[PDB]
> 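Before we start, here is the structure in question, set down as structure tokens.
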Amino acid sequence: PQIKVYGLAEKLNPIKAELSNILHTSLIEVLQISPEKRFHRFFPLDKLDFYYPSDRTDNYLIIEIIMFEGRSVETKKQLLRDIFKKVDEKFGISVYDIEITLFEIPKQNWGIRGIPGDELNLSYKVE
Amino acid sequence: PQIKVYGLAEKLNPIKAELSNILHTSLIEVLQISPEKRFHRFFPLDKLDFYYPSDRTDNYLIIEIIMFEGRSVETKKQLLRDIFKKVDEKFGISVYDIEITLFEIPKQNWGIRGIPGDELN
Amino acid sequence: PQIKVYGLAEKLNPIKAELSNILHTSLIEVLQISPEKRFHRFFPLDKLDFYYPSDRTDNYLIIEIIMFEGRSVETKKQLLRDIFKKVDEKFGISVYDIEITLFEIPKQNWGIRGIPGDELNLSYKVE
């Protein structure tokens, strides 16, 4: 999985190092990926480049996860739940200020180490 | 829906605040979302980070919309047409210079307010 | 096809102009798109905004290609392999340091030059 995190620069920049650890722990625990396979991109946004509802706070976080298609509905829902729980518990950011979107990609639409994703023999199960 | 907008910094930055207002009106009117649900991210690009063909002017605008799966084809085409119309009318940007891409995501692949999107009310 | 490229700023900025030429050539040759249709966006990242595994280098390069659905599996796989080969050959970036992801979008989900993409008469064949 690839993660892309968007947030207000003044709020995201102080926490992004620990947020990276937290999010990676969630994908290890729920998706059973190798602890080594952390691919994260952070986009701290200027105030004028980020609009969110006036009843949310500036802690508002958008998390996009690009991942191999094929996981069960239950595993995916468990992932969303685990990220909500761990970010809230670690930073006190309310679940109302967190949004998560899973982008599923067929294995054959993904290139890794020079070959299409469906020709990889992975060390874990995509179910 | 979540919107991501891309354009040359010196063209997008003077207009992005008004453009946010226009795009939110369009999503409200066509998709019938509640008027508080504005989620927009803007990406003003340096000229060295943005390549587009010579038949597009420096007004070229890319508008990505990430939304729940489930709208009809007619609703979605009306959204594109409404965005094309309203952005052209408000800013004088030719429709030739506007690109819109809809990323539909199954409801169960979204986490909102702590729960999966297929379980919201 | 729309291309988005992500890499560390000090590594991506010296190569992005030639890389753009390399990527466009690959899409022309494999997808047979009209050679004027280059749409590329570059995202040079700060060191603190870019996490990748310890068995990758800071040449690590992410390539996202958003394209009309409808190409064959073999054509898409040929696109992946061609980009890997030509990027490796031109810049000496090992193919483990390159990752490619195709985002396929139905034609009616795209607005181009004022109309939905399923109503466009194209100058090439999508498939």
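These numbers come from the heavy atoms of this one structure, side chains and all, not from hydrogens, waters or symmetry mates. Naming: A, B, ... by sequence-line order, numbering from 1 per chain.
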> Hey, are the side chains of C:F39 and C:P1 touching, using non-hydrogen atoms and a 4.5 Å cut-off?
no
> Quick check against the 3.5 Å criterion: does B:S94 have a side-chain atom that pairs as donor or acceptor with the backbone of B:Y96?
yes
> Sequence neighbours excluded, which residues qualify as side chain to side chain contact (heavy atoms under 4.5 Å, CB included) partners of B:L102?
B:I65, B:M67, B:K76, B:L79, B:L80, B:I100, C:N109
> Looking at C:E69 and C:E104, would you say the former's side chain and the latter's main chain have a donor-acceptor pair under 3.5 Å?
no
> Are A:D58 and A:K11 ion-paired here, with the side-chain N under 4.0 Å from a carboxylate O?
yes
> Is any NZ, NE, NH1 or NH2 atom of the basic residue among B:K4 and A:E64 found under 4.0 Å from an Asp or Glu carboxylate oxygen of the other?
yes
> Between B:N59 (side chain only) and B:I93 (backbone N and O only), is there a donor and an acceptor less than 3.5 Å apart?
no
> With side chain to side chain donor-acceptor pair (under 3.5 Å) as the criterion, how do B:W110 and A:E99 come out once you've worked through the C-alpha distance, each side chain's angles and the decisive distance to 0.1 Å?
CA-CA 8 Å; B:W110 284 81; A:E99 182 160 0; over 6 Å; no
> Pairs under 3.5 angstrom only: tabulate donor-acceptor contacts from the side chains of residues 13-23 of chain A to other protein residues two or more places apart or in another chain.
unit_1: A:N13; atom_1: OD1; unit_2: A:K16; atom_2: NZ; d: 2.7
unit_1: A:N13; atom_1: ND2; unit_2: A:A9; atom_2: O; d: 3.4
unit_1: A:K16; atom_1: NZ; unit_2: C:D49; atom_2: OD1; d: 2.7
unit_1: A:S20; atom_1: OG; unit_2: A:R38; atom_2: NH1; d: 2.8
unit_1: A:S20; atom_1: OG; unit_2: A:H40; atom_2: ND1; d: 2.7
unit_1: A:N21; atom_1: OD1; unit_2: A:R38; atom_2: NH1; d: 2.9
unit_1: A:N21; atom_1: OD1; unit_2: A:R38; atom_2: NH2; d: 3.0

> Enumerate the residue pairs fulfilling salt bridge (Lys or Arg N to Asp or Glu O under 4.0 Å) with a member in residues 79-88 of chain A, sequence neighbours excluded, ordered by first and then second residue.
A:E29-A:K86, A:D82-A:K86, A:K85-A:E89
> With the threshold set at 4.0 Å, does a side-chain nitrogen-carboxylate oxygen contact exist between A:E119 and C:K77?
yes
> Which residue is it: B:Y51, B:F50, B:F43? I am looking for the one with a ring-ring contact (aromatic ring centres under 6.0 Å, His included) to C:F42.
B:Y51
